[PDB]
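Peer 1: Structure, please.
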Amino acid sequence: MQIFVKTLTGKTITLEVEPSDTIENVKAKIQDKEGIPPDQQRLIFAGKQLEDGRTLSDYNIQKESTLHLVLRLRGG
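Peer 2: Numbers count the residues shown, from 1 in each chain. The coordinates are given below.
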């Protein structure tokens, strides 16, 4: 199923996933799309901070839903 990940500058992301994947893998496939390390990635929808041990099913992430990417740098 296709899902979209909207960053915060105005970029969009296209993903080839399935409900079988967990929040960990999906964060490991996204590196490929932009380049950000998964450890520096966070995903939030409606105030819930997603978790790497969850499956797309725990969140019923369905079709045409947009996710929001967050950038947490390791310094500054």
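
Peer 1: right, and residue 45 touches residue 62 too?
Peer 2: No - Residue 45 lies out of contact with residue 62 (Cβ atoms under 8 Å); the separation is 11.7 Å. The way it works is simple: take the backbone N, C-alpha and C, and place the C-beta from them, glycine included.

Peer 1: These two - which one has more neighbours?
Peer 2: With neighbours defined as other Cβ atoms under 10 Å, residue 45 and residue 62 compare such that residue 45 has more, 13 against 10.

Peer 1: As a check, name the ranges of all strands in the chain.
Peer 2: Residue ranges of the strands in the chain, as given by DSSP state E, are 2-6, 14-16, 41-45, 48-49, 66-71.

Peer 1: Name every strand pairing with the fourth one and say which way it goes.
Peer 2: When sheet partners are counted by DSSP bridges, strand 48-49 sits next to strand 41-45 (antiparallel).

Peer 1: Give me the angle between the partner strand and strand 2-6.
Peer 2: Strand 41-45 runs at 100 degrees relative to strand 2-6, counting by axes from the mean of the first three to the mean of the last three Cα atoms, to 10 degrees.

Peer 1: Could you export strand 41-45 as CSV, CA atoms only?
Peer 2: Listed next in CSV are the C-alpha coordinates belonging to strand 41-45 (Å, rounded to 0.1, in the frame of the first residue of the first chain):
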residue,chain,number,x,y,z
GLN,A,41,13.9,10.4,12.7
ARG,A,42,10.7,10.7,14.7
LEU,A,43,7.1,10.2,13.5
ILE,A,44,4.1,11.9,15.0
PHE,A,45,0.3,11.9,14.2
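
Peer 1: contacts for it?
Peer 2: 5, 23, 27, 30, 49-50, 59, 65, 67-72 (Cβ atoms under 8 Å, 6 or more residues apart in numbering).

Peer 1: Now that we have the residues you listed, which of them are buried?
Peer 2: In the contacts of strand 41-45, burial by neighbour count holds for 5, 23, 27, 30, 50, 59, 67, 69, counting by 16 or more other Cβ atoms under 10 Å.

Peer 1: so who does the closest residue to the first one other than its chain neighbours touch?
Peer 2: Closest residue in space to residue 5, ignoring its immediate chain neighbours: residue 13 at 3.8 Å, by Cβ to Cβ, 6 or more residues apart in numbering. Residue 13 is in contact with 4-7, 30, 33-34, 69, counting by Cβ under 8 Å, 6+ apart.
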